[PDB]
Amino acid sequence: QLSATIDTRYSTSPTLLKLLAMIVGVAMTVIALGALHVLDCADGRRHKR
Amino acid sequence: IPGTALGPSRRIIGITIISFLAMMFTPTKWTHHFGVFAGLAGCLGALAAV
Amino acid sequence: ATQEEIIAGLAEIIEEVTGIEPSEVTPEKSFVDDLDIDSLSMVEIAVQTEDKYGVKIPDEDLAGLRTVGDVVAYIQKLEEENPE
Amino acid sequence: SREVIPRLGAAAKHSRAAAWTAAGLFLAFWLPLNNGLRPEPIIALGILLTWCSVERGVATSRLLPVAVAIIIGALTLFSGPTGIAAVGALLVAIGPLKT
Ligand SMILES: *P(=O)(O)OCC(C)(C)[C@H](O)C(=O)NCCC(=O)NCCS
């Protein structure tokens, strides 16, 4: 009986917790920059292009 | 440079010098790594023509 | 308080932001016609003047202020609440 | 030609020799060095968009184009190991961010 465990250390895949953390982090980043724009438009000036 | 704005001209020259200095910390020293200066070259062309 | 000393500062701000020499800024000359100043430089001149004079002009002269004579006349007829 | 040259002043905007030599140095860098699949055009366009976002943040006095410039600079920092040239456009953008 020959046996050998192959080094498949890069053949990974995300679990549920890592995937939910990535989704919630990107969503919170988008919401934070939207709130930053709402703060920046405090002085009365519009977009126009 | 007389007929130009102050801030943008200063910042173009500073970004080009710091790009030359930061390019020495790359692991391989090839000649096709100078292709990152293709956007700054038009800016320095406008400044060096004025 | 004098028109002929606020022109000497507004010409300095226009020279710094855009690059026109200060011998070209005369109060009969328009912005987007003879000086040919784009809108990003308009907003930059507005925030420089808000930094130095301290008066805030958000939108009441964004579409109603045409020439530099109108700018200096607006500065003259707004200055009655002097903080100095 | 639409964002940088009309920003550098009036003598750079109304002259034609500046436009012709800017086009010439652009082509002289682009043609022998960026006709391929390497990360070099990505890094070049990212350095321009970083400087343009920072320069628009200074003029209008707003922080969102500075944050967008941070995103673009960190994005082109990890295109290849030659992406470390974007730290110039990142480090010049500290004084303006303080202002
Ligand atoms: P000019 O008429 O060419 O306009 C330049 C300026 C910068 C004044 C323009 O009106 C402007 O304010 N653009 C800002 C746009 C913006 O903040 N968009 C948010 C997401 S689309």
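### Considerations on the interface of chain B and chain D
The extent of an interface is frequently quoted as the accessible surface area lost upon association of the parts.
Then, number 1: Contacts between the two partners involve 33 residues from chain B and, on the opposite side, 36 residues from chain D.
Then, number 2: Taking both partners together, chain B and chain D bury about 2800 Å²; carbon and sulfur atoms supply 77% of that area.
Then, number 3: The largest contributions to the chain B side of the interface with chain D come from B:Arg11, B:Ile15 and B:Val36, which together make up 20% of the buried area.
Then, number 4: At the junction of chain B and chain D, the tally comes to one salt bridge.
Then, number 5: Note that D:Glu55 and B:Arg11 form a salt bridge whose closest N and O atoms lie 2.9 Å from each other.
Then, number 6: Our count for the chain B to chain D interface comes out at seven residue pairs in polar contact.
Then, number 7: Of all the elements in the fold, those that place two or more residues in the side of chain B that touches chain D are helix 1 (6-22) and helix 2 (40-49) of chain B.
Then, number 8: It is helix 1 of chain B that provides the largest number of residues to the side of chain B that touches chain D, a total of nine residues.
Then, number 9: Grouping the constituent residues of the side of chain B that touches chain D by class yields 19 nonpolar, 13 polar and one charged.

### Some remarks on the site of the ligand
Then, number 1: Close to the ligand lie A:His37, A:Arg46, A:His47, A:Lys48, A:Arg49, C:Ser39, C:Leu40, C:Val43, D:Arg56 and D:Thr60.
Then, number 2: One chain alone does not account for the residues near the ligand; they come from chains A, C and D.
Then, number 3: In the model, an oxygen atom of the ligand is placed 2.9 Å from a nitrogen or oxygen of the A:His47 main chain.
Then, number 4: Here a nitrogen atom of the ligand and a backbone polar atom of A:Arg49 are 3.3 Å apart.
Then, number 5: Burial of the ligand by the protein amounts to 61% of the accessible area it has alone, namely 550 Å².
Then, number 6: Structurally, the ligand is housed in the largest pocket.
Then, number 7: If you tally residues by element for the shell around the ligand, the top one is helix 3 (residues 39-52) of chain C, at three residues.
Then, number 8: For the shell around the ligand, the per-class residue count stands at two nonpolar, four polar and four charged.

Definitions and limits used
- Residues numbered from 1 in each chain as written, not as in the entry; some residues may be left out.
- Chains lettered and ligands numbered in written order.
- Part of a larger assembly, values for the part shown.
- Heavy atoms only, no water.
- Contact = heavy atoms within 4.5 Å.
- Buried area = accessible area lost by both parts, 1.4 Å probe.
- Salt bridge = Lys/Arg side-chain N within 4 Å of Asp/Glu carboxyl O.
- Polar contact = N/O pair within 3.5 Å; in protein donor to acceptor, adjacent residues only side chain to side chain.
- Helix = DSSP H or I, 4+ residues; strand = E, 2+ residues; numbered from the N terminus.
- Nonpolar A, V, L, I, M, F, W, Y, C, P; charged D, E, K, R; others polar.
- Near = heavy atom within 4 Å.
- Areas by Shrake-Rupley, 256 points an atom, 1.4 Å probe, with all protein chains shown as cover.
- 1 Å grid on protein atoms, 1.4 Å probe; cavity = no way out; pocket = protein on both sides within 12 Å on 5 of 7 lines; lining within 4 Å.
- Sits in = over half its atoms within 2 Å of the grid points.

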